[PDB]
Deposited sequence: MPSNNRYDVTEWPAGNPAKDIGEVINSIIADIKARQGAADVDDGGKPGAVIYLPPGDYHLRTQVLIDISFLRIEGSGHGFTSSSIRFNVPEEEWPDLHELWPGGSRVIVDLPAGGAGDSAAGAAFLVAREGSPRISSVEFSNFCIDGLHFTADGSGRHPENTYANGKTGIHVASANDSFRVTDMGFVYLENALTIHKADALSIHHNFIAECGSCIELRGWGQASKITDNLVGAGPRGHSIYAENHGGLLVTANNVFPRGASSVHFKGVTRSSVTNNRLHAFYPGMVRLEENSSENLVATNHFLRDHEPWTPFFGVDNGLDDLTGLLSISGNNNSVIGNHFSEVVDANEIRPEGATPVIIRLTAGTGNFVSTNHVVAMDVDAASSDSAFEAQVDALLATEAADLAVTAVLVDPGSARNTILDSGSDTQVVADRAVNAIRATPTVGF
């Protein structure tokens, strides 16, 4: 009946090497589904179920069939980052130490070769409608990389959760948990992909859509990356929809586009500890960036307090290099220690247009305030307190900076005249109305 359970397959042992078990199942599916056109069918695929459990993976799974679903019964997330920064003598008193759910532990050496699941098939048609649902992929530990952070804080292990190498259509990744992977999810050459309602956190990079793609969506995810990685990344995508995500720290950025066109980054909650939250680069054009909530503030947790993404406060929270984009209805909260602003004496920048023409920036609210950077060892207490604290002085900021290399833009109701730094001769600027008469 094309239904398998990894704990009820006579070949191998999923506790020791679930990779071998799953590859054996896939070989069985192929052996039984050899003919493509028998009675209007022949290759319907299969479903492979992972009950809740701790499964070591020592052999990469190769998925080269369409319509394979791999499903579990728990995303299984717990903060390994918090736990590895608890003093080791306290670990015996903790209720648990590891992630759980339907848990695949990635015991591969260190980039597609370090992926727990590799989806690859060349030829025609494109591999289609593979589904990953409601299980946990855990890369266990981060390791030394010469960064000189403690090993468990490097976000480096050469491991990937799911890597799709080949052109693909109608794929789904839903309800997953990804934790402690250098890369959670990397999908090349995607068409009509849906990455929906996952929890992708404490991974160096979370979601990367590489090569090219079209007509895809990234919706309703909880996402948190590492300071040298991407939270959500796309390159050469057309018609991408990125919405209803709650992106929290500490990726280098929240959303990073290279050569992305005719796409929408709308209605997300985005929180970063560094500038450069949303980056439209390398001729990213005709995109809508609307009604997102941006918060940029300082890391409040001591283990990462001095760690950042190398970008200064002139970068912008939103940076655009490309033509004919639309930036409408966003909220930006800029909550920083004025003494720590880099470069020394700079006025921080919120929206920066570095290149391109015809960008329309309208109806954006910037709120900037000056607050001392607190540092505490208790992660979630420090995080919640920092989010709720509004004890602050108003801070002068540049709402919109148009560099001379970007021209013929339209900037409306996105800051006062002094807040909008731009050549009025070659841009259409309307300052937000002033108080009074």
Handout entry: Regions of the deposited sequence not represented in the model
Key = 1-3, 114-118
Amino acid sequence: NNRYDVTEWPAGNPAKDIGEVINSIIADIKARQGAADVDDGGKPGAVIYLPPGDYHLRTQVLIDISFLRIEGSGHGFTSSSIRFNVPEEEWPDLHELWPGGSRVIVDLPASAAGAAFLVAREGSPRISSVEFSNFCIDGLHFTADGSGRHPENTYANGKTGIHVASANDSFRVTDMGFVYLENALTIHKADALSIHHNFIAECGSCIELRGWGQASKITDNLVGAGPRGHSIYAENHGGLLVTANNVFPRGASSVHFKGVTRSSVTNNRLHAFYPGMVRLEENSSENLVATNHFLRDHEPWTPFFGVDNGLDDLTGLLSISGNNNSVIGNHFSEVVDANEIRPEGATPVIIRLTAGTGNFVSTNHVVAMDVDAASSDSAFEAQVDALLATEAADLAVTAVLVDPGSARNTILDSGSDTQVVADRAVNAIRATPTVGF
From here on, numbers count along this sequence of modelled residues.
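The term rigid core refers to the maximal set of C-alpha atoms that superpose within 1.5 Å between the two forms.
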Practice task
Between 151-159 and 338-346, report the one with more C-alpha displacement in 4 other deposited structures of this protein relative to this form after a rigid core superposition.
Solution key: 338-346
Exercise for the section: Any chance you could tell me whether 142-150 or 217-225 drifts more in 4 other deposited structures of this protein, judged by RMS CA distance from this form after superposing on the core? Expected result: 142-150
Handout entry: 387-395 versus 401-409 - which carries the larger mean C-alpha B factor in the record
Key = 387-395
Completion exercise
Once average C-alpha B-factors are taken from the entry for 147-155 and 243-251, the winner is 147-155
Practice task
Select one of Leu57, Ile70, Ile65, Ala36: the residue whose C-alpha shows the highest B-factor in the crystal structure entry.
Solution key: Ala36
Practice task
Kindly indicate the residue among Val371, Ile48, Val61, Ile29 with the greatest C-alpha B-factor in the PDB record.
Solution key: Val371
Problem - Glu281 - Cα temperature factor, lowest/middle/highest third of chain - result: middle
Exercise for the section: Please place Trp91 in the lowest, middle or highest third of its chain by C-alpha B factor as given in the entry. Expected result: highest
Practice task
Would you mind checking where the Cα B-factor of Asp169 ranks among the modelled residues of its chain, as the lowest, middle or highest third?
Solution key: lowest
Exercise for the section: Rank-wise, by C-alpha B-factor, drop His331 into the lowest, middle or highest third of its chain. Expected result: lowest
Exercise for the section: Please place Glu299 in the lowest, middle or highest third of its chain by C-alpha B factor as given in the entry. Expected result: middle
